Peer 1: 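Structure provided below as structure tokens; questions to follow.
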Amino acid sequence: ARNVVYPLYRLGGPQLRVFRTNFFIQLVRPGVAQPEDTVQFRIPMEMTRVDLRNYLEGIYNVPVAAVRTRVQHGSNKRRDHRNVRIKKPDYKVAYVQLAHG
Amino acid sequence: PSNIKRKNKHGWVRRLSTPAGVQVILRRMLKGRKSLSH
Amino acid sequence: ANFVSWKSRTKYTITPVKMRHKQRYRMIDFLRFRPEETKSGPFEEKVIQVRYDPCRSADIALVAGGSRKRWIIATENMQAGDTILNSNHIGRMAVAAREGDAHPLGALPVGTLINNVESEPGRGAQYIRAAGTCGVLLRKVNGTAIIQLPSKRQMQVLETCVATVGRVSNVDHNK
Amino acid sequence: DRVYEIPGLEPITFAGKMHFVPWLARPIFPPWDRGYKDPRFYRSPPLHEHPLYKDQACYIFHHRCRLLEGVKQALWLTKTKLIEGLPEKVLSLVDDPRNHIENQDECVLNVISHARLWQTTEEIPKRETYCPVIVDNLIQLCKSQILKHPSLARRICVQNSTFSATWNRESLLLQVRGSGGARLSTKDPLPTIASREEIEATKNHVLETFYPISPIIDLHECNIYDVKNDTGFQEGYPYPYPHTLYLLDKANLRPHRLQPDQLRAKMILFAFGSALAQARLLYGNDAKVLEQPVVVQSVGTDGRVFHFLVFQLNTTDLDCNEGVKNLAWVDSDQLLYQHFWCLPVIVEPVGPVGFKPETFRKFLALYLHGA
Amino acid sequence: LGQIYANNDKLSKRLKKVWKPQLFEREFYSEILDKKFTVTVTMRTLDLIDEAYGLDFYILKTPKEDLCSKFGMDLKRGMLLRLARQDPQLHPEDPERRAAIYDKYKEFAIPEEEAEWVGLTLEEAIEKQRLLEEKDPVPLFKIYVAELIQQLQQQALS
Amino acid sequence: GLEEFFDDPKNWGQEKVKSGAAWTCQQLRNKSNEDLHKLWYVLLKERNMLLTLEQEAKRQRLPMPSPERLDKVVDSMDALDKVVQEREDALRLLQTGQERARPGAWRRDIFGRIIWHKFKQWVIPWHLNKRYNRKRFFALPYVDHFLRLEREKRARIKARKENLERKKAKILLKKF
RNA sequence: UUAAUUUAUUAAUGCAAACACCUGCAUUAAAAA
RNA sequence: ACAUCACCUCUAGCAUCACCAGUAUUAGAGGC
RNA sequence: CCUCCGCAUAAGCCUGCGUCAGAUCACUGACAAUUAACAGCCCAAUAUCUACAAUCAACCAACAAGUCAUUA
RNA sequence: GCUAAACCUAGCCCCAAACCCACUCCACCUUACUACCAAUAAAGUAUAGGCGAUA
């Protein structure tokens, strides 16, 4: 979940569970050549690699073998009529290598 | 140019460290500056 | 400013200390007569190495007694393997001391060269400390000794303050 | 705040708020104790309620303790005679030409050159890099003799082996905790070297004692200790008898390295500890004279300067200052090559200079003991 | 903190002067609080002590502006609370002396509520008040249960 | 599997996909917490598909087939969040009487302004929290002048606004 | 700086107060206006 | 150039924040 | 035909000659991308150990006297 | 005839009246925006003052 406080964990405490996940995901077409088992996602900044693995495995029943992440920097080189910089937002790209060939 | 040096001398923490820096920040907040510190 | 002095170690240590050409600091024990834990009275000590010290003009001696090593300041003829008595007992007669041992000023033949002189009983040795220096025990009155510092200013100290005999090592540091 | 002095009233503090305020009194807080145990924030009890805090302070000699005068402390601490030079028995194992590797000198030379020059991508291999390799390669050369002596199939070279041994001398309690690499283990024990006459003649010997420094200096004061004799293995372990302790000084910096005297004292104490653990395991914790004294040897090395020790442990009544005494044979400052040039100087080609093969012959003799 | 003229002549320079009192580390005994207090005072403090006949009377007589001390008002608040509470902890197992001292200062007897707020700086009073009215919010469950019970009572009487 | 990220292949390139009304809050109030749970995940999948399609349309330089249903899914999920949140706060008011889920306080920072400080979760209590005790929840007397000047700045802005409204009303009455 | 007069101070003294530190009142200098 | 080794001059008989964790063959203040 | 330059990292800068499209000696809009093993980001306490330079470290060669470690 | 000219209304000013602001979620004193550990008049009068400039 995004934009929420997480309950603090202490030793021998209950598992943290999220019941209605708040972060949403898109699978986008790669801009370059990729291996056959690689699926590319655009992902929220807060969502981690473990979170993405569990997300796909649970919601979509996709067996995931590897996950990699990078943060893409959006351009700040473009201006209003007021010479004020306009930001294209940064985003997170995930690369998911599927399992079982 | 150095980011460590810049944030060490003109940063938020350095400003709030002393009453004079708090007054700098208060002056800038009264003026309406977008950037109160480095 | 952000000045934190390096002079921050609490416990006495035989090892050099990184201090702020580069030098490391050897901690000198100027309280020459200190009995160690669960010991008292006079005690012998052995010279292991007579070492150059960057922090000062005289050279120093790593000197081990019982269960503790310590850095003391060297006298002119002090060899590796030499044995030195750190004494406390003020004798009835004078003590015909050797070149490098430390005695209360009541236990010395008057008119001998001394060095590393205290100012109070238990003060620690503040004076006659640089290279090749020496001071002569001029005369003593009841519970009192009078010293001639190398600046020829005489000093009245108590009888039971410890001073080491002989002159400080590394002579011809001047020349 | 003076309000804390007035017998009637309770000071008003910023404890109601959860922050400091300069115009309200500072609250007094109870000593907070975390309810649960969390390993990353554990505070050990002060050194009184540890389950083993003995008032009688023990002295520990670990792998680090550099002795003051050196060997003398070792003989005194162990009550052992010191005879210069190895016995005739061991040196006679290599007296013949038949007990020799083919191209012996050249083979040893190649091991040296590998260790010091041909080892790594780096131009000049460093001490940590060439000391243990010289050791292990020498044991490999020696192990190349299994053809002539099949009994060498009954020995192994185990590492990360730690032994412990406790003994009393006068009123001082000593405990050795040997943690060093390359301990050689044999199924068969080493036969006694010292016969009856030498041990029975050692009685007249008096061990020389020094002053003023106590013969306990630079050993570790330790009050939280256990009087436990650990031979370094579980019971019913094959190859249970120590043969040779290979100890190496592999520090680059000169101060970080043991002086040769201190290293010899190191090996004396280590061999004694190994033998003492074996004695206590085989005979119980009884201070007595052994009818089957235990012989254990050690090889100490700096990387090029070798030293050999053979220790004969024959008494367990260490507390007394008289009676039979242990005895150790030492070969000291046995450098195996004078120097090694890694770059040609312009005159002197790359390689070792001053190679003397007698040092390795002694090495081979020690290795072949018990074979 | 003032200024003076160099030699008591107005045709001289004006130069800054500070006049400091003489501080004496004296030691007194508050009978009503029954405590030895070490206090830094002035000779004038000893004079008003003498004229007021005791530290007790001096403290409960001298007003806030004349005392000009926070410690003085802490002592005052303690004293007035001890009077108002009729507190037996002055001298345990000693009632006649307690009664003697308590009657000795009957004049300055005050209600306890008034004594509670005496000598408090404004921030201290706000802190006390905010403690006082700090209550855990009562759950709507019992409000609604009581309301339902009340409605059932009203319906029953119909 | 991964086909759920794209809608039925029969609709690919249709340029107009028919969709029904979005869930209202009132409709969702009649459903159980479990029906709300599963409906949440249904809408999660649907929104992921629609976001995927929107991005792919941007990539192909083509208009999205029917962008209204994305808004409808978003509105449906906001309604579901509102419904569940209402239930949670009703229960919290009943059991505890508190109005907010996160504990907080009315504090006064270094700049002298009243703020609602929201509390965080910590393991150690506050008096031995080194970092927390560096923060200053009080203002020194050098702030009150700046507080007064800010007050006057706000007063100026309000006066300008109210006067401008009155002038505009005069103009409106003049024209009409 | 040996212009003006002064010592706010800092270092000393002397005298008051108190039972040495702290304070008040004068004097002599350095650094000062 | 200053600093700094080195050199010269003057002051200083001494301890816990520099000098200094130093003690007149020394240290500081200057100058080059 | 030049090459006294280049290639990486650091520091700094922040998408600043990738693709598609347009305008402007002859930048704008849209889309896309940098995937950790390299490097950051560390360390459970309480005491208690840390005299012997580097220079191929072996002599020699010295002074300005040195850059390094644990145990219970 | 090029360059250009022209335009009213954004808003603002001075008053009056009235005592203002400040938690969607989340983040922010560490390198901020970082989940988590030791009236008028009296009157320019009386007065003060290198008794003067002035007050």
Side-chain angles (χ1 to χ4, degrees), chain A residues 3-6 8 31-32 68-70 72-73 75-77 93 95, chain B residues 1-4 7-8 11-13 16 37, chain C residues 5 7 13-15 21-25 48-49 51-52 54-57 62 69 119 123-124 126-133 149-151 153 155 171-175, chain D residues 39-47 60 62 64 124 220-222 224-225 251 253-256 259 338-343, chain E residues 6-7 11-13 15-17 20-24, chain F residues 58-59 61 104 110 113-116 118 120-124 128-131 134-136 151 154-155 158 160 164:
Chain A
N3 267 358
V4 289
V5 317
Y6 279 21
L8 197 64
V32 292
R68 272 173 263 109
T69 277
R70 55 177 198 78
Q72 183 59 59
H73 172 76
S75 193
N76 218 10
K77 160 150 133 26
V93 181
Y95 299 87
Chain B
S2 186
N3 290 307
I4 277 169
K7 299 229 95 184
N8 277 338
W12 182 255
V13 174
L16 304 186
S37 57
Chain C
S5 188
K7 310 202 269 289
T13 321
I14 319 154
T15 201
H21 189 281
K22 276 156 196 172
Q23 298 160 4
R24 283 182 296 163
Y25 176 71
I48 311 300
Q49 186 195 16
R51 170 79 180 79
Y52 175 84
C55 296
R56 54 174 55 71
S57 58
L62 174 69
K69 302 182 286 196
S119 172
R123 182 76 168 187
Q126 290 190 180
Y127 336 70
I128 297 190
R129 209 165 81 169
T133 62
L149 302 174
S151 65
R153 177 158 179 182
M155 177 177 290
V171 81
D172 296 343
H173 179 276
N174 199 2
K175 295 199 293 178
Chain D
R40 304 203 301 121
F41 293 99
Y42 188 82
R43 277 228 203 111
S44 62
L47 309 187
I60 280 182
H62 48 82
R64 163 75 98 102
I124 325 295
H220 188 257
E221 220 60 46
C222 160
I224 321 188
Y225 60 96
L253 285 319
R254 185 88 48 197
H256 286 254
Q259 294 287 318
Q338 219 273 13
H339 188 232
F340 198 101
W341 289 84
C342 289
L343 302 314
Chain E
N7 292 311
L11 261 70
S12 311
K13 279 303 304 311
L15 72 176
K16 168 96 190 194
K17 177 117 183 159
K20 286 156 179 313
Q22 191 143 255
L23 290 199
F24 296 143
Chain F
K58 296 229 211 73
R59 166 75 162 266
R61 278 103 180 291
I110 36 182
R113 55 255 280 280
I114 264 57
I115 76 200
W116 178 255
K118 298 166 166 178
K120 287 168 98 204
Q121 290 144 126
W122 309 83
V123 180
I124 69 174
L128 52 146
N129 194 326
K130 203 150 312 319
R131 197 178 91 218
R134 289 203 289 256
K135 305 196 37 177
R136 278 88 80 204
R151 192 201 174 162
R154 282 196 300 282
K158 260 192 84 289
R160 289 197 300 264
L164 190 82

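Lettering follows sequence order; numbering is per chain, from 1. Side chains included, hydrogens not; waters and symmetry mates left out as well; all remaining heavy atoms used.
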Peer 1: Return the set of residues passing ring pair (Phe, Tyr, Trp, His ring centres under 6.0 Å) with D:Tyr225 (not counting sequence neighbours), or none when no residue passes.
Peer 2: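 Expected list: none.
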Peer 1: State which residues pass side chain to side chain donor-acceptor pair (under 3.5 Å) with D:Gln259; sequence neighbours excluded, sorted by chain then number.
Peer 2: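 Residues passing side chain to side chain donor-acceptor pair (under 3.5 Å) with D:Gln259: none at all.
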Peer 1: Pick base, sugar-phosphate or nothing for A:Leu8, based on heavy-atom distances below 4.0 Å to the nucleic acid.
Peer 2: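 Here A:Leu8 touches the bases of the nucleic acid.
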Peer 1: Could you encode protein contacts along nucleotides 51-64 of chain I as a string, one character per nucleotide from 5' to 3', using B for base contact, S for sugar-phosphate-only contact and - for no contact, with a heavy-atom cut-off of under 4.0 Å?
Peer 2: BBSS-BSB------
Peer 1: Sequence neighbours left out, what passes side chain to side chain donor-acceptor pair (under 3.5 Å) with C:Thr15? Give chain and number order.
Peer 2: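 Here no residue qualifies.
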Peer 1: May I ask you to verify if any side-chain N or O of C:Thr133 is less than 4.0 angstrom from the OP1 or OP2 atom of H:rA24?
Peer 2: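 Yes, within the criterion.
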Peer 1: Run the side chain to side chain donor-acceptor pair (under 3.5 Å) test against F:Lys158 and tell me which residues pass, sequence neighbours left out.
Peer 2: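 Counting only residues at least two positions away or on another chain, F:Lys158 forms a side chain to side chain donor-acceptor pair (under 3.5 Å) with F:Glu162.
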Peer 1: Scan E:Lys13 against the nucleic acid and name what it touches under 4.0 Å (heavy atoms): base, sugar-phosphate only, or nothing.
Peer 2: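 Counting heavy atoms under 4.0 Å across all strands, no contact is made by E:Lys13.
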Peer 1: Counting a pair only when it is Watson-Crick or G-U and both distances are under 3.5 Å, which runs of at least 3 such pairs involve RNA chain H?
Peer 2: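 Stems found: H:7-12 with H:26-31.
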Peer 1: What is the base-pairing partner of I:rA26, counting Watson-Crick and G-U wobble geometry with both distances under 3.5 Å?
Peer 2: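 Answer to the pairing question: none, since I:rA26 forms no Watson-Crick or G-U pair.
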Peer 1: H:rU26 P sits how many Å from C:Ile128 CD1, rounded?
Peer 2: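 Distance check: C:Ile128 CD1 to H:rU26 P gives 15 Å.
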Peer 1: Say we look at I:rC59 and I:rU46: how far apart would their P atoms be, to the nearest angstrom?
Peer 2: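 44 Å, rounded to whole Å.
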Peer 1: Between protein and nucleic acid, restricted to nucleotides 26-32 of chain G and to nitrogen or oxygen atoms under 3.5 Å apart, what atom pairs and distances do you find?
Peer 2:
none

Peer 1: Expected output check: what is the dot-bracket annotation of RNA chain J, where ( ) and [ ] are pairs inside the strand (brackets for crossing ones), | is paired with another strand, and pairs are Watson-Crick or G-U under 3.5 Å?
Peer 2: ..............................................((.....))
Peer 1: Is it true that G:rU27 and G:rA4 form a pair, Watson-Crick or G-U wobble, with both distances below 3.5 Å?
Peer 2: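 No pair, by the stated definition.
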Peer 1: Please tabulate, one pair per line, each protein N/O and nucleotide N/O from nucleotides 46-49 of chain I that are separated by under 3.5 Å, including the distance.
Peer 2:
{"residue": "I:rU48", "atom": "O2'", "partner": "D:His220", "partner atom": "NE2", "Å": "3.1"}
{"residue": "I:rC49", "atom": "OP2", "partner": "C:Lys11", "partner atom": "NZ", "Å": "2.8"}

Peer 1: Base, sugar-phosphate, or nothing for C:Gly124, non-hydrogen atoms under 4.0 angstrom?
Peer 2: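 Base: the residue C:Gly124, judged by heavy atoms under 4.0 Å, touches a nucleobase.
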Peer 1: Please work out if F:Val123 contacts a base, only the sugar-phosphate, or nothing of the nucleic acid, heavy-atom cut-off 4.0 Å.
Peer 2: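 The answer is base, as F:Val123 lies within the cut-off (heavy atoms under 4.0 Å) of a base atom.
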Peer 1: When the nearest nucleotide of RNA chain H is assigned to C:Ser5 and to C:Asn174 on a heavy-atom basis, which residue is associated with the more 5' position?
Peer 2: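 Per heavy-atom nearest nucleotide, the more 5' residue is C:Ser5.
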Peer 1: Could you tell me if the bases of I:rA61 and I:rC60 meet the stacking criterion, namely six-membered ring centres under 5.5 Å apart and ring planes under 30° to each other?
Peer 2: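 I:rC60/I:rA61: stacking flag true.
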Peer 1: With a 4.0 Å cut-off on heavy atoms, is C:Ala131 in touch with a base, just the backbone sugar-phosphate, or nothing at all?
Peer 2: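 Answer is base: heavy atoms of C:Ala131 come under 4.0 Å of a base.
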Peer 1: Please compare C:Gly132 and C:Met155 by the position of their nearest nucleotide in RNA chain H and report the one closer to 5'.
Peer 2: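 Upstream on the strand: C:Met155.
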Peer 1: Of all residues at least two apart in sequence or in a different chain, which pass the ring pair (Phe, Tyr, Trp, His ring centres under 6.0 Å) check with F:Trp122?
Peer 2: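 With sequence neighbours excluded, F:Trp122 shows a ring pair (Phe, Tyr, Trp, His ring centres under 6.0 Å) to no residue whatsoever.
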Peer 1: Can you tell me how far P in I:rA36 sits from the matching atom in I:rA26, rounded to whole Å?
Peer 2: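 Each nucleotide's P atom is 46 Å from the other's.
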Peer 1: I'd like a table of atom pairs between the protein and nucleotides 28-33 of chain I - only N or O on both sides, under 3.5 Å - with the distance next to each one.
Peer 2:
{"residue": "I:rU28", "atom": "OP2", "partner": "A:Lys77", "partner atom": "NZ", "Å": "3.1"}
{"residue": "I:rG29", "atom": "OP1", "partner": "A:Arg78", "partner atom": "NE", "Å": "3.3"}
{"residue": "I:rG29", "atom": "OP1", "partner": "A:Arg78", "partner atom": "NH2", "Å": "2.9"}
{"residue": "I:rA30", "atom": "OP2", "partner": "A:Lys88", "partner atom": "NZ", "Å": "3.4"}
{"residue": "I:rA30", "atom": "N3", "partner": "F:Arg61", "partner atom": "NH2", "Å": "3.0"}
{"residue": "I:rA32", "atom": "OP1", "partner": "F:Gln55", "partner atom": "OE1", "Å": "3.3"}
{"residue": "I:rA32", "atom": "OP2", "partner": "A:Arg42", "partner atom": "NH2", "Å": "3.3"}
{"residue": "I:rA32", "atom": "OP2", "partner": "F:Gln55", "partner atom": "OE1", "Å": "3.1"}
{"residue": "I:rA33", "atom": "OP1", "partner": "A:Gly31", "partner atom": "N", "Å": "3.2"}
{"residue": "I:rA33", "atom": "OP1", "partner": "A:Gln40", "partner atom": "NE2", "Å": "2.8"}
{"residue": "I:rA33", "atom": "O2'", "partner": "A:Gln72", "partner atom": "OE1", "Å": "3.1"}
{"residue": "I:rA33", "atom": "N1", "partner": "A:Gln72", "partner atom": "NE2", "Å": "3.4"}

Peer 1: Does C:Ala130 offer a backbone N or O that forms a donor-acceptor pair with the side chain of C:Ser57 under 3.5 Å?
Peer 2: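 Between the backbone of C:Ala130 and the side chain of C:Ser57 there is no qualifying donor-acceptor contact (under 3.5 Å).
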Peer 1: Can you measure E:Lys20 atom NZ to G:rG24 atom P for me and round it to whole angstrom units?
Peer 2: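 Checked: the NZ to P distance equals 8 Å.
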Peer 1: Base, sugar-phosphate or nothing for F:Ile110? Non-hydrogen atoms, less than 4.0 Å.
Peer 2: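 Answer is base: heavy atoms of F:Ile110 come under 4.0 Å of a base.
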Peer 1: What does C:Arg56 touch in the nucleic acid at a heavy-atom separation under 4.0 angstrom: a base, only the sugar-phosphate, or nothing?
Peer 2: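 C:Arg56: backbone/sugar contact only, no base atoms under 4.0 Å.
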Peer 1: Using a cut-off of strictly less than 4.0 Å, decide whether E:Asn7 has a side-chain nitrogen or oxygen near OP1 or OP2 of G:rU6.
Peer 2: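 For G:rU6, OP1/OP2 do have a side-chain N/O of E:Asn7 under 4.0 Å.
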Peer 1: Under 4.0 Å: is that the gap between some side-chain N or O of B:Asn3 and OP1 or OP2 of I:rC13?
Peer 2: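 Yes, because at least one side-chain N or O of B:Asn3 sits under 4.0 Å from OP1 or OP2 of I:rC13.
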Peer 1: Could you tell me the boundaries of the chain A footprint on RNA chain J, defined by atoms under 4.0 Å from its heavy atoms?
Peer 2: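 Extent of the interface on RNA chain J: J:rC25 to J:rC36.
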